[PDB]
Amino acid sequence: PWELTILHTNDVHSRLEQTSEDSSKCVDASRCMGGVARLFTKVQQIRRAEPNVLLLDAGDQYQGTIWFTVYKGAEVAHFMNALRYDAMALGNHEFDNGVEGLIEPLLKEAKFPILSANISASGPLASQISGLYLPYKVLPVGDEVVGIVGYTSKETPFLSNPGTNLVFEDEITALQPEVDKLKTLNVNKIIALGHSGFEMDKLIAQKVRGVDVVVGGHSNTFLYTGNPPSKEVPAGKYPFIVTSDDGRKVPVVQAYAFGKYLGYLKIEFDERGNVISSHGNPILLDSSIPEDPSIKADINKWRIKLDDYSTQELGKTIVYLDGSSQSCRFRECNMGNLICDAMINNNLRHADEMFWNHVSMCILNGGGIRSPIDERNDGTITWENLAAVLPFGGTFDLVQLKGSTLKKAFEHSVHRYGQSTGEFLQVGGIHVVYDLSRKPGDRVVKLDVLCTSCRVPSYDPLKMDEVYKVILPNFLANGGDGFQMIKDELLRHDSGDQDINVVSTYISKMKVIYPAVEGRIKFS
């Protein structure tokens, strides 16, 4: 039997440095986790012990910290080249800076193949990008070869900025003929590596004949066999076994997000490329694994430009930005309005004739707003100022919620009003009126929402059965601040851009801001 060791990452999201246990800023270094210097140590150790190793990334290196803001993907090519990745699939966030922001910094600089079989280009872009990403690559491993076939979320146009000159095809439709072609080329060991989420990964494993292993991402899925080593709760066993339509057992793997774990799957193959066995588990990259000193020293050199950038003027405010708890946990605050307006601006995507924009609505818990910004420093706003407002290292995510769920969220917002608690909601594209004289659970007396399926945006009453797209913090999508109804009732969730980055981009674009308190939230 021929044994392959698959090492894999996904949704690293700009965690070049070690992090806290929750993937935010490292404060207590003796208990920090992840980062590329520690990954380097572990990969190097495994490559010293195992003959046949592939190191794969399932996409979404782009977006997540000030690293991406400043280096715009150059850090991804540099550090992925230093760890000698064997292949990467394109994720949705690889399109955040458009096609141009993918071609240059990443496709032209990577020393490893970058894969997606379900993205096509037309017009002059097709010539410009031809061969810079591939449907698949056949890689030599010891005396054998392994085919790696890529895929990227069909939903990327709604979740990033790929532009109007790329088409994202159905993953299974695109994959099958490529896997069929590899079999004609005498390649009998096939890995599907891609970025569509665990549910699609299971469909690919079931339906794409000839796929031996699926290595996925996007959904930040944690799989584990046994007692988990940290706080993440497994969604299933590692690997997750799918019974294929042709009667084979096909392992499906993912490795959470943020570089906290290295996925590790051992596969035994027979002479004909059938999987005989698969076993493994993600490895927690905790402080017991030393950071490689060389990579750490390069990280520290690259940090200098981040420190410099952190104190530069992004733009100006002519108004006090009221992020005080005394305001934002009690009533509409202009900091809340600013952040929600930034959130909606970040989620402007290509719009057909059926909507002005696919999403119009935002909620933001007041507990997530942690500082004001004074306008009397010549109006300057810096990244450091925004990091005091938004200190948790979160994202502003896209969800789909029934109107009944959103009404329950607004009732929760004021259920125990008057105690300075974090659940009070700041809003965009929503007008709410509360009557605090009513019983908890029955305090929302008006709730109007901005249309999407309209040429002129205007407000209509919320409909209990309609499904709304809403931008909100990952903290709320995960049921933080008692929003268990959002976690339990949402119909779709996709992780978005870094919180600070969303607001910094908006401020830079606007140049001078003056957010008002304008009646989005009233009391009767």
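All residue numbers refer to positions in the sequence shown, first residue = 1.
Query raised in the report: When the C-alpha temperature factors are averaged for each of 431 to 439 and 215 to 223, which stretch ends up with the higher value in the entry?
Result: Mean CA B-factor is higher for 431 to 439.
Query raised in the report: Going by the B-factors listed in the PDB entry, is the mean over the C-alpha atoms higher for 139 to 147 or for 362 to 370?
Result: Comparing 139 to 147 with 362 to 370, the higher average CA B-factor belongs to 139 to 147.
Query - Of the residues 84, 249, 195, 93, the one carrying the largest Cα B-factor as recorded - result: Largest recorded C-alpha B-factor: 249.
Requested in this report: Tell me which of 271, 332, 448, 75 tops the list for C-alpha B factor in the record.
Outcome: The record points to 271.
Requested in this report: Taking the chain's C-alpha temperature factors as the reference, tell me which third residue 32 falls into: lowest, middle or highest.
Outcome: Highest third.
Query raised in the report: residue 53's Cα B-factor: lowest, middle or highest third of the chain?
Result: Residue 53: CA B-factor falls in the middle third of its chain.
Query raised in the report: What third of its chain, lowest, middle or highest, does the C-alpha temperature factor of residue 388 fall into?
Result: It belongs to the highest third of the chain when residues are ordered by C-alpha B-factor.
Query raised in the report: Among the chain's modelled residues, which third holds the C-alpha B-factor of residue 64?
Result: It falls in the bottom third of the chain.
Query raised in the report: What third of the chain, by the recorded C-alpha B-factor, contains residue 461?
Result: As the PDB entry reports it, the C-alpha B-factor of residue 461 lands in the middle third of its chain.
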